[PDB]
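Reading the structure
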Amino acid sequence: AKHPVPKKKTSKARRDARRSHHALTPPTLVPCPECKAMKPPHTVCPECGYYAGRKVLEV
Amino acid sequence: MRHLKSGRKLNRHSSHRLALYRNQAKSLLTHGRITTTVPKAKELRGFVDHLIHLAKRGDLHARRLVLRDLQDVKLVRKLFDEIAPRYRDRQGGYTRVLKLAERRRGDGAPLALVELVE
Amino acid sequence: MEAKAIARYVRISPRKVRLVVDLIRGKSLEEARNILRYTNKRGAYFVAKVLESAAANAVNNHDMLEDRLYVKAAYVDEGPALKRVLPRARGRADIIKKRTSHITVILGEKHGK
Amino acid sequence: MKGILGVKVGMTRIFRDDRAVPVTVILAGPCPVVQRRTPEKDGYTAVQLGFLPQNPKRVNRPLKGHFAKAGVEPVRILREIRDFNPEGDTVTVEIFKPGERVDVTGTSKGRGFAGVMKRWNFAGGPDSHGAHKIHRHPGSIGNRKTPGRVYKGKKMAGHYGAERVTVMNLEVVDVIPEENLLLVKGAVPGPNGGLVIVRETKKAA
RNA sequence: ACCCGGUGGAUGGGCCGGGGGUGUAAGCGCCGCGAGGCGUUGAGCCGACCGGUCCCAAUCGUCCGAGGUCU
RNA sequence: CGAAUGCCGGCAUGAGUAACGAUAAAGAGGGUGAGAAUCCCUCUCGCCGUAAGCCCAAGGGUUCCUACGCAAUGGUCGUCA
RNA sequence: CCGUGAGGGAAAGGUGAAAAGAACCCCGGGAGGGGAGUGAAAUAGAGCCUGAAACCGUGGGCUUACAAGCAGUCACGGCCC
Ligand SMILES: [Mg+2]
Ligand SMILES: [Mg+2]
Ligand SMILES: [Mg+2]
Ligand SMILES: [Mg+2]
Ligand SMILES: [Mg+2]
Ligand SMILES: [Mg+2]
Ligand SMILES: [Mg+2]
Ligand SMILES: [Mg+2]
Ligand SMILES: [Mg+2]
Ligand SMILES: [Mg+2]
Ligand SMILES: [Mg+2]
Ligand SMILES: [Mg+2]
Ligand SMILES: [Mg+2]
Ligand SMILES: [Mg+2]
Ligand SMILES: [Mg+2]
Ligand SMILES: [Mg+2]
Ligand SMILES: [Mg+2]
Ligand SMILES: [Mg+2]
Ligand SMILES: [Mg+2]
Ligand SMILES: [Mg+2]
Ligand SMILES: [Mg+2]
Ligand SMILES: [Mg+2]
Ligand SMILES: [Mg+2]
Ligand SMILES: [Mg+2]
Ligand SMILES: [Mg+2]
Ligand SMILES: [Mg+2]
Ligand SMILES: [Mg+2]
Ligand SMILES: [Mg+2]
Ligand SMILES: [Mg+2]
């Protein structure tokens, strides 16, 4: 509401033509070492995922 | 630029950012394991390690230079008499950092874990 | 056979949700299930809930061998909005409209061939 | 036209006939000619070179150990020299006798998104008197209804630095063939460790 | 985006050595009624620079990706 | 009825953009919970302190206290109010 | 509801013939669905007759990344029905 303003109502085309990028990507997942559960890499997985320094397990 | 500089600015100013670390420290050396944002941790290492290494060499001057950051006699005590030991034959990395796979909700902050190795 | 599970009037803005309802269209309910669990978006949650619900309907009502069905179709629809008032500077006042979604998630049976 | 590659050690003033100062140590390590692009099979004349040896095998396939000199292929064979034809094997460093003149070509320092007035030295605004949130702006950029556009080359802010830059006629102060070392006259681009190349001065020769 | 690493590895953090910046820490001893001064001591502390070192972390894996139209 | 910067209603565009209301400031552990950066507890840190603390008057009119609860209200969250 | 006040002054009607208003089971904290059941009819399910248009979608056919655009029209050509 002021100085610069939209000259024309953008076309439905150009609108979605710019959102051609907002397309969301799928996470990056990998199988946990032990439990046959799926989980994102380099992370002390939500099911006892890791060895040595406590793996904040589900025990 | 703002090239070869090293040392996260944590959307905090001097006295805050500093007094922040001293509080991460006190926690970490009382509970042995703390959970924070991955970054807030990646920094905590060196601040603590130092505190600990100053503990091994542990004499009087070390007891004090260390106290300056913890202010608490006890704990400062528990660190020199029960923590320092466990590391006397370990040179470096007296601290660990392990990323968590879940993010704080209604915020979405990537988390991590911090425990004293060994 | 197929089984749907529509979550009506979910207080949340469509364009925000369609985002994820797009991450699981046509996938292994095992795949989907996973993706959602690990997707940083309020929407994830709501879609999951529905998804997991048609999963149940699949089993319980239409006999479908859980471990053999995918997301044949999914898609969220626009529901009546909530016109609230947002006071502005110089006695302006505006109508902020809290939208609401209608999330549909229908299931189908994978090959078996 | 003598080529050669080298990182860029550091800087430091020296001393010669009193009149101290002022060089840029840079090492033109052994550069194993790994190809010699012919004006028949290629159309022009040059010599792929290769630098830093290394690579205990990060070297995929292509590699090109073909030319029996590809000693565990260098990290950056990057670049040939052009109109250069060595002693068909490894460029010395002694290709340079002191007193000679050169040209260093390097990757300049990366200044990211740079405001105008660094990127171009624009005068900026007036720190006081009127002022008002234009203390560092580019001021005006065009005329009115005619032209009604902005010049194809109109200076403005943007990526600035981290571009291939060449500084010429640099005097070759010295050279230690033992350590592949080479000393010049400060004016040499890029950061330390970044790669640079050293030709013979285009000034004449 | 680009570039370099990812343990058959010195990538970052710690640690050690060196640069470098401060100006000779605390404790103790001595001199002074005392503020102080002297010594131990160029000490102590010490970001970013140059290196060394697997003590901490780059674990484990996953997904893409040609099989070449016609005279 | 196609135009009146027409009237009423509805839905678009700018746009996932500007914002989210003092730069006094946060950190962690443990609870509860279907669900916690946001609720309870404890330790640490910071802010006001001729108030950012207390007592009156006006005005307000149940906002007080307690039990059970989150659709909406709270500029996010909410098990809290 | 607006205004100190005189005064201004809205929006908002319809399930079915009869509540027969959806037992019970399943997912879910709920809301909400899926079955089941009522009904002639359930896109008659209570933010309920008919439910148009803007506007937001999902799927399919044709089409498009060397192209200059009041967006049509007139020709030929492919592809789909
Ligand atoms: Mg930096
Ligand atoms: Mg201060
Ligand atoms: Mg006002
Ligand atoms: Mg830079
Ligand atoms: Mg000026
Ligand atoms: Mg100003
Ligand atoms: Mg003008
Ligand atoms: Mg390292
Ligand atoms: Mg040192
Ligand atoms: Mg002393
Ligand atoms: Mg080694
Ligand atoms: Mg007319
Ligand atoms: Mg209108
Ligand atoms: Mg914009
Ligand atoms: Mg912006
Ligand atoms: Mg913003
Ligand atoms: Mg606020
Ligand atoms: Mg009340
Ligand atoms: Mg109360
Ligand atoms: Mg809320
Ligand atoms: Mg508000
Ligand atoms: Mg609760
Ligand atoms: Mg309560
Ligand atoms: Mg039902
Ligand atoms: Mg009807
Ligand atoms: Mg009727
Ligand atoms: Mg109707
Ligand atoms: Mg074409
Ligand atoms: Mg035409």
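Scroll up to find the structure.
Parameters and conventions
Residues numbered from 1 in each chain as written, not as in the entry; some residues may be left out. Chains lettered and ligands numbered in written order. Part of a larger assembly, values for the part shown. Heavy atoms only, no water. Axes fitted to C-alpha atoms, helices over the stretch in contact; angles between N-to-C directions. Helix = DSSP H or I, 4+ residues; strand = E, 2+ residues; numbered from the N terminus. Parallel < 35°, antiparallel > 145°, perpendicular 65-115°, else oblique. Left-handed = near helix turned anticlockwise from the far one by under 90°. Contact = heavy atoms within 4.5 Å. Near = heavy atom within 4 Å. Polar contact = N/O pair within 3.5 Å; in protein donor to acceptor, adjacent residues only side chain to side chain. Pairing = 2+ DSSP bridges. Patch = residues over 30% accessible without salt bridge, like charges linked within 9 Å, V, L, I, M, F, W, Y side chains within 5 Å. Areas by Shrake-Rupley, 256 points an atom, 1.4 Å probe, with all protein chains shown as cover. Salt bridge = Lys/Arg side-chain N within 4 Å of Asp/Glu carboxyl O. Buried < 20%, exposed > 50% of the residue type's maximum accessible area, 1.4 Å probe, protein only.

**What about the packing of helix α1 (residues 14–31) of chain B against helix α4 (residues 73–82) of chain B?**
Residue and element names in this part refer to chain B. At a closest axis distance of 10 Å, the pairing of α1 and α4 adopts a crossing angle of 55°. Relative to α4, the element α1 is oriented oblique. Viewed along their axes, α1 and α4 form a crossing whose handedness is left-handed. Residues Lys26, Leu29 and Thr30 of α1 pack against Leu75, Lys78 and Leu79 of α4.

**A closer look at the protein's contact with RNA strand F**
For RNA strand F, the set of nearby residues contains 36 residues, the closest of which are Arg19 of chain A, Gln24 and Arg105 of chain B together with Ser13 and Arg15 of chain C. Among the atoms of RNA strand F close to the protein, meaning within 4 Å, 73% are from sugar or phosphate groups. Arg15 of chain A places a polar side-chain atom, nitrogen or oxygen, 2.9 Å from a phosphate oxygen of RNA strand F. Residue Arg84 of chain C places a side-chain N or O atom 3.3 Å away from a sugar or linking oxygen belonging to RNA strand F. The element that contributes the greatest number of residues to the surface near RNA strand F is α1 of chain B, accounting for nine residues.

**Comments concerning the sheet that holds strand β3 (residues 110–115) of chain B**
Residues and elements named next belong to chain B. In spatial order, the strands read β1-β3-β2; together these three strands make up an open sheet with antiparallel pairing. The open sheet is flanked by β1 (33–37) and β2 (96–103), the only strands paired with a single partner. Taken over all neighbouring pairs, the strand axes of this sheet differ in orientation by 30° on average, direction set aside. Bridge analysis of β1 against β3 gives five bridges, and the strand direction is antiparallel. Bridge assignment links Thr37 to a residue of β3, and that residue is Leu111. Each of β1 and β3 touches α1; the most contacted strand, β1, lies at about 140° to it.

**Some details on a nonpolar patch on the surface**
Residue and element names in this part refer to chain D. Where nonpolar side chains cluster on the molecular surface, the patch consists of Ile141, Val150, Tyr151 and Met156 and spans about 350 Å² of accessible area. By secondary structure assignment, the location of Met156 is in the loop between β5 (113–114) and β6 (158–159). Judged by its relative accessible area of 39%, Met156 is partly exposed.

**Remarks on helix α2 (residues 29–37) of chain C**
For α2 of chain C, the complete set of buried residues consists of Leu29, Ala32, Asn34, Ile35 and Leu36 of chain C. Elements in contact with the buried residues of α2 of chain C: β2 (38–39) of chain A together with α1 (14–21), α3 (42–62), β3 (69–86) and β4 (94–109) of chain C.

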